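Accompanying notes for the structure given below.
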Amino acid sequence: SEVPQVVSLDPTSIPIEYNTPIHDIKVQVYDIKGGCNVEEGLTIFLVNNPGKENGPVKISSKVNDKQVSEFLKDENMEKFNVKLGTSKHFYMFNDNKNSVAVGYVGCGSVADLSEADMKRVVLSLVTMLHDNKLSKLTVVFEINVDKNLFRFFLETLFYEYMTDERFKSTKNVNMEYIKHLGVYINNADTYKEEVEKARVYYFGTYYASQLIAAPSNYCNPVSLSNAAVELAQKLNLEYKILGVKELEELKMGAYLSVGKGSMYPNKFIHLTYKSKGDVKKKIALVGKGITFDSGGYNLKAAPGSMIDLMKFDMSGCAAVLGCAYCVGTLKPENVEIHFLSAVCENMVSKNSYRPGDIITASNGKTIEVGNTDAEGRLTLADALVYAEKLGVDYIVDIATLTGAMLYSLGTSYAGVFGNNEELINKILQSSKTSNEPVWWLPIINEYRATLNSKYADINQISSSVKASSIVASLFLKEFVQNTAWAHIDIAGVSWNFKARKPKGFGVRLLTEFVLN
Amino acid sequence: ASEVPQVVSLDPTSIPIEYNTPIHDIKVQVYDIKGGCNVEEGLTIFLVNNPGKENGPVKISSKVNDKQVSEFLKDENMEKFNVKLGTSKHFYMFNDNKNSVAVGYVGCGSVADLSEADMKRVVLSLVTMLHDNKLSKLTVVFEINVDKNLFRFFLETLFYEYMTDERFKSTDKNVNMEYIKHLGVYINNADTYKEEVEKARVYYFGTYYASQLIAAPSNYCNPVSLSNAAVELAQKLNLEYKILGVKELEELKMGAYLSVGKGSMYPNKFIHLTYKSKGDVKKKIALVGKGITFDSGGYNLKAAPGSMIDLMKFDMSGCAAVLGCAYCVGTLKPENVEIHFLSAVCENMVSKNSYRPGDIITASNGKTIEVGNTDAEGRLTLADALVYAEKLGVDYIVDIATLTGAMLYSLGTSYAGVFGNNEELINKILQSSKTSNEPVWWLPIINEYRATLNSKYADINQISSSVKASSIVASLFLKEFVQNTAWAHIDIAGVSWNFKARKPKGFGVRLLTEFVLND
Amino acid sequence: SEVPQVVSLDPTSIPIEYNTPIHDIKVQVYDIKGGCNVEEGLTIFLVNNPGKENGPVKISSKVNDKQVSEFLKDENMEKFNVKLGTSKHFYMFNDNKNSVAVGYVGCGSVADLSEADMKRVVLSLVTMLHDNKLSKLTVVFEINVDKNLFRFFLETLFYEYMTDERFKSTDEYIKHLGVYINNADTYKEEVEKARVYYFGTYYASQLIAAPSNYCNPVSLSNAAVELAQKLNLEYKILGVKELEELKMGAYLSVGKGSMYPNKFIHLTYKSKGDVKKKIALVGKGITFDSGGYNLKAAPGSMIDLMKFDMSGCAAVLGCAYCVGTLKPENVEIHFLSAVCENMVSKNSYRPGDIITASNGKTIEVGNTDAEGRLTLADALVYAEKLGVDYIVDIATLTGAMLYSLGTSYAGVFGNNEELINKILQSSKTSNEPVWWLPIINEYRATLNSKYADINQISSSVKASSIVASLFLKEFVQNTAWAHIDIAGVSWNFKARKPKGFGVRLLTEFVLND
Ligand SMILES: CC(C)(C)OC(=O)N[C@@H](C(=O)NO)c1ccc(Br)cc1
Ligand SMILES: CC(C)(C)OC(=O)N[C@@H](C(=O)NO)c1ccc(Br)cc1
Ligand SMILES: CC(C)(C)OC(=O)N[C@@H](C(=O)NO)c1ccc(Br)cc1
Ligand SMILES: [Zn+2]
Ligand SMILES: [Zn+2]
Ligand SMILES: [Zn+2]
Ligand SMILES: [Zn+2]
Ligand SMILES: [Zn+2]
Ligand SMILES: [Zn+2]
């Protein structure tokens, strides 16, 4: 619980903002079928034109104001375009002779907007929200969206609108979030239930983002495990933090070896949510929790190794904890979930484990270490045997495991591997409804022979096959004996290089998996 | 003084320093050339040139008070030799008293005004004549034109190159070393040049002292032993001194400086030396030196080709330059001036305790900094040092540092770069460069690159991820930690080490001293 | 004249747009004291705020329209801030019930805007123009700018507004520009000069942006001829046969491995009347630099960008446009470029080759990727024989510039301080930033060849830019000479296009001399 320090100026906890300005936004959903009121703040119409390429803007909605409706008549609007991401602002006086601000955002010419399409619309919308001191925003849906896409709109809106200023000291003086958000859409009553779900999904994602973005001197195994406890306490999760003494008794030799060279003791996070009624499904969610990945003696010194980004290497853990918030808040029924993460730090030291070392996992398997920079699968290995010992139905691990993902699926799609096709399908189904894209990749058994060690039971890495993501999955597969298991590699999708911030990828995905 | 920690008992606990050098035992005499030259014992060398006559014949113009020697040096005899820069010859003959004497010359080219580099070549050629000859006396006859500043440069360079560092020699000591005991100089209007002699001797040792600190390996020269050397120096010079330990640095919240040293076995030591004039103080100056006793690069380890990790003892050259300046100032004792000699000394190592890439740290002025590269640790330590410097309420802040390797690609190994926020201060540094003959060139602080230091989470980035103009970006960083004081920054990463001669130059000592003295 | 082809689909000329939509824009300048009228198009206020948080926007100028004045009231504008580059624009109806667009661009908190700052202002302004079907743009200057910066504003505006679609197959611009500024009469003379400076820069941009299959030594020399003919300049293109007779072995060696014959461009401008200054402007004209057998294969060598390596030539030709159009007095200008291509072939020159320059000096080649200085050597020998007063060469010579001054400031080297100062003065008034770097003679000894008269490159001295300058200096014996290294500033990496750097710089140099 106590964070060790080298000097007194080293931080001893991760700063966390629980009550965000987003939570102070009062959200109202009205049916468009009744007309729109255009009074205070900024009013934005989401408009398209199906199959007209860059077509003219047409406002279909009834506006309960003669002046505003006159301004928005077709003859006036035809000079404007519906190009995806395009936005404009209008100034006018209403019927009550008050000054009002109105505008629109183009949603293209395709009837069914994709996640990327919706993201671009929101990003354009957020641009209108920044550098304008508005008190209220009104969004009018003149496009077709189902409830899942509507929820995604809000989640993305909240997430992109929110700005992390925890580490700013000498800060934007003009930041001023809206206090009211009005939404006009048809059949408002079906969409109202998605509002609070979006708000929960937002913070779950933003919470994971805060943990990832937090630098390694702030976010260490002790401080992160402490944060998990604080989170568990607020949400009523049973919690248990395993220290070195417990881990040694449990013989987690693979996991403990990675943390040897660190000044922070290893901390194993175990949170549990149990429904009050009959439990029909038991699920273990495992997250990779490397607070910093230096590579060990296989130091990240090669070009393109992105060593300065390696605080992100606990993204899997953050996603699991972010999911814990959503589950703890929405309180699903007939399910018991274990939230696991073997947290440690991979550093260079006189105490560090060396390339060539043979270590023993808690399942008795001896492992020959060929590369200390492949430490993720080592910690995940012991975490998986622990998971299976819990007697669950599904084991789902999520991790920034291999850089090869950047070459396979890139920065938008995560890879999923597994030993069970139905479980994979459930993950794929969750991906669609959560709108966090995942693609099914194969575990090619032909590469297994490349993990055959001369002295230990198995090699940590291959010295042949360059398909590291598959090889790593083959390694993890050896530590799940008789349980449905899936592995999501998020090394490529976790960090937003363009926006220079985390995505909090996986939070909404894991929650949809649990809920449905 | 603090106790130097050891891993084994064989680890050195102090930097060996030679204060009394053979140069200090040399008696220097300056004569007027119009009185004629006496050629008796030891070696007598004529410095000769030939104006616009590309390798011209040698001609001795000076009167020699010896019939035999004057006949030997007559034009007819000397025309077989030429004045090519760096050329030297030895002559053997008998004088009027039937004694054997040794005479020679060094070619000074065909250009009337010799540059520092040219003069250096002349001196180097001269030193070769001193080497491997057991001489007791050297006599140098100036048949060329040099001003007082260039004349002093000759003596300083002569003393520096003649001197040999044998502190770390044990079984391979040179059995044949035997320095001259007397140095004679014949020059026109000598009375004007006499004041430069002792000044040269002072400037020499300041440079040689800095050289000794730099050349000292990192196991000998650590933050503790270097700060101890600073204290010992201050005591000898009657300067006020103050060494800040970790506890005091924490109270001052010097987080950037402390973060770099976290991974070291040697505690951070902040050097603060003070020279105060006895009279009314009219100018207050802070001299800040980068003091990284060893730069491994941190977790951004120097593992790339050309990173020169074996040279990284040099990375405290700025501190050494500052301490060498403290010697000169404390010795010549300029008045009506108050000088602060500062250096945030530490070591950048790889450890479980080391600071990581991506860490956000807080400087003593409250600015939060995101670390993108641990091998850019110099600017982190300088940041807190500059904030400390400005709190002293000085008129000028001048920092000197082996900051960026880009200097090797911009100005190279001969000229140092100077950046600043004040043009008058910059001109003064340039003025000091001319009179000290330590080359400096003005480089710009381009404000357009500033936006690349905008961090998403912290107040500022330590490094840029685009620009690649490392020296300018670093200056932009440091500028953020000097709020309202005239400040200049001298990057000596390229000029500090003499790669051809395999030794330090002690660059900056004479430059900084000239700056203080002529102010 | 005839461009050789490998296949019939290979282009045989560089497409050039001479008449741009920018030339069709009518520009009117009014005095701010008379008030602003808001009728057609888009109206943008350029505003600042000394000591700005960044602080709120406040419009001081009087607007002769009740509807617009209601919009521009302090209470409404306080919601916006003046942070540099920030902009907002709204659409509304004026007193005459016409649709109008009104807005602002934030100019920060500094009273005196820099070259870099003004560019950020312009880009934000241009961003609104690319996404609004406007007929007229009106700019209201509520900031202080001198005559030079105002001209710079227009040049940058015109240049960034213009879009190159020459190579877009398939698989709008405003017609009026209104300017409100204090002391309007003083700024009116700057308008047409800016339009000239614009195209000079944009013309150079077109040559640089043109790919190596379009822009080759033959097609580039042809383009120079066509330009000279339109400007009524005397022109002369030296071919291989003439070059051999002139014994330009260094220049000819670089082009040996190319399928395109070497072409030496020589344009000349003579002022009507007494000539008081004679100047030769030399531009590096490598249409493509593969590096030769010292192939650009190392990481970060950016071989896909190497069409840019004739930027120096383009800058000189762009200058030829400006000088030929504005027609300065008392001056004679020579526009020179030894154009060729550096390729890998059985006919290519090899590392280790010893070649003879036209001045008789033998050169040992240590790196075929340092071909720029070799071509410049013969060009400099050619230039001095013309008997000029100043020789100024401009070249993308060394990548080391990216490590010294970066992408914003070019480096200038020289043997004459008066010439250097004139360049620096020209840099200030043209707002194309240049910084004086030294030619350190101590490094000269590293060019001493064991067998030849001189080495092409150094064997260490990582100060490549200075060493190269030391090389070129050996080919100017008795003339005031300057060298501008634009390797770092030539290409705009963020915008993915050329800057046309040097055109305005060279013209100001000629004009103010
Ligand atoms: C097997 C091999 C030797 C290639 O090592 C890696 O697979 N490195 C990954 C790692 O260091 N895991 O801990 C990694 C690299 C980049 C990114 Br982004 C993520 C993960
Ligand atoms: C910003 C960057 C990542 C390039 O890091 C450097 O600037 N390196 C310098 C350094 O390590 N300072 O601490 C340095 C290298 C070599 C020489 Br020689 C001098 C100084
Ligand atoms: C050090 C060396 C002698 C090889 O010189 C180069 O660095 N090459 C330049 C070149 O290829 N001249 O022809 C160059 C490279 C990149 C850029 Br950008 C500009 C110029
Ligand atoms: Zn790793
Ligand atoms: Zn990892
Ligand atoms: Zn370093
Ligand atoms: Zn350093
Ligand atoms: Zn080249
Ligand atoms: Zn080139």
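No value in this document is a laboratory result; all are computed from the given coordinates. Counting neighbours? That spans all protein chains shown, and the Cβs are built from the backbone with ideal geometry, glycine included.
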Residue list for the range C:339-375, given a label point 7 angstrom along the Cα-to-Cβ vector of C:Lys236 and an amide N cut-off under 16 Å: C:339
Shape of the range A:127-208 from its Cα gyration tensor (a ≥ b ≥ c, root eigenvalues): rounded if a/c is under 1.5, otherwise prolate when a/b > b/c, or oblate? oblate
Residue among B:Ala321, C:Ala395, A:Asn452 farthest towards the positive dipole end of the protein assembly as shown, charges placed on Cβ: A:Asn452
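Counting pairwise Cα distances across the range C:212-513, what percent come out greater than 30 angstrom? Write out the running numbers ahead of the final one.
Details: 10909 of 45451 pairs.
Counting pairs separated by more than 30 Å, the tail of P(r) holds 24 percent.
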For the range C:238-337, rounded, prolate or oblate, judged on the Cα gyration tensor with a ≥ b ≥ c (square roots of eigenvalues), a/c < 1.5 rounded, else prolate if a/b > b/c? oblate
C:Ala445 versus C:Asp131, label points 7 Å from Cα toward the beta carbon: distance in nm? 6.1 nm
Can you pull the three principal axis extents for the Cα set of chain A, in Å, largest first? 83, 53, 52
Percent of alpha-carbon pairs separated by more than 17 Å within the range C:187-264: 60 percent
Quick one: what Rg and Dmax do you get for the range C:9-122 from the alpha carbons, in Å? 18.3, 63
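Which value, in debye to the nearest 20, describes the size of the charge dipole of chain C about its Cα centre when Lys and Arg Cβ atoms bear +1, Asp and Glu Cβ atoms bear -1, and nothing else is charged?
On the way: 54 positive and 59 negative charges, 42 e Å.
Roughly 200 debye for chain C.
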Please give the net charge around A:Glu142, taking every other residue with its beta carbon less than 12 angstrom from that of A:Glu142, where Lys and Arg add +1 and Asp and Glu add -1. +2
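Can you give the relative contact order of chain B as a percent, counting alpha carbon pairs under 8 Å and 6+ residues apart?
Numbers: 1169 pairs, mean separation 74.4, N = 519.
Here the relative contact order equals 14 percent.
In deg cm²/dmol, rounded to 500, what helix-only [θ] at 222 nm does chain A give when every DSSP H run of at least 4 residues adds -39500 (n - 2.57) and the total is split over its residues?
-9500 deg cm²/dmol
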What's log10 of I(q)/I(0) for the range A:315-389 at q = 0.11, 0.20 Å⁻¹, Debye sum over Cα points only, no solvent? -0.40, -0.95
Ratio of the range B:20-217's C-alpha Rg to 2.2 N^0.38 Å, to two decimals? 1.04
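Please state the shape class of the range B:388-518: rounded when a/c is under 1.5, otherwise prolate if a/b exceeds b/c and oblate if not, all from the C-alpha gyration tensor. Before the final figure, lay out each step's value.
Values: a/c = 2.12, a/b = 1.26, b/c = 1.68.
Note, shape of the range B:388-518 comes out oblate.
Order of C:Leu72, A:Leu406 from fewest to most other C-beta atoms within 10 Å? The partial results should precede the final answer.
Numbers: C:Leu72 23, A:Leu406 14.
So the ranking, lowest neighbour count to highest, is A:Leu406, C:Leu72.
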Considering only A:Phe80, A:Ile212, A:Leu476, whose Cα is most displaced toward the positive end of the charge dipole of chain A, charges sitting on Cβ of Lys, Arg (+1) and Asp, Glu (-1)? A:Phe80
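Any idea what diffusion coefficient the protein assembly as shown gets from Stokes-Einstein, in µm²/s, Kirkwood Rh on alpha carbon pairs, 25 °C, 0.890 mPa s? Walk me through the numbers on the way to the answer.
Numbers: Rh = 37.1 Å.
The Stokes-Einstein estimate is 66 µm²/s.
Which value, in debye to the nearest 20, gives the size of the charge dipole of the range C:212-513 about its Cα centre, when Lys and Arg are +1 and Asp and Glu are -1 at the Cβ?
Details: 31 positive and 29 negative charges, 103 e Å.
That gives the range C:212-513 a dipole magnitude of about 500 debye.
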So what's the angle, to the nearest 10 degrees on a 0 to 90 scale, between helix B:223-237 and the longest Cα principal axis of chain B? 50 degrees
If you rank B:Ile15, A:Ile427 by fewest surrounding Cβ atoms within 10 Å, what's the result? B:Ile15, A:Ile427
Computed magnitude of the charge dipole of the range B:20-217 (debye, nearest 20; Cβ of K, R +1, Cβ of D, E -1): 180 debye
Protection-proxy order for peptides B:127-137, A:112-122, each taking the mean of Cβ atoms within 10 Å per residue, highest first: A:112-122, B:127-137
Please determine, in degrees from 0 to 90 and to the nearest 10, the orientation of helix B:317-332 with respect to the longest principal axis defined by the Cα atoms of chain B, where the helix direction is its Cα long axis. 60 degrees
For A:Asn19, project a label point 7 Å along Cα to C-beta. Then give me every residue of the range A:166-198 with its amide nitrogen under 20 Å of that point. A:166-167, A:175-181, A:196
For chain B, find the longest principal axis of its Cα atoms and tell me its angle to the long axis of helix B:470-479, 0 to 90°, nearest 10. 60 degrees
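Counting other beta carbons within 10 Å of each residue's own, what order do A:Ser257, B:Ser110, B:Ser414 fall into, fewest first? Show your work: numbers first, answer last.
On the way: A:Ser257 27, B:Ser110 16, B:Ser414 20.
Result, fewest neighbours first: B:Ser110, B:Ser414, A:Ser257.
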Sequence gap at least 6, Cα distance under 8 Å: using those rules, report the relative contact order of the range B:20-217 to the nearest whole percent. 29 percent
Give me the net charge for the shell around B:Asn336: Cβ to Cβ below 13 angstrom, other residues only, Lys and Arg +1, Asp and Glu -1. +1
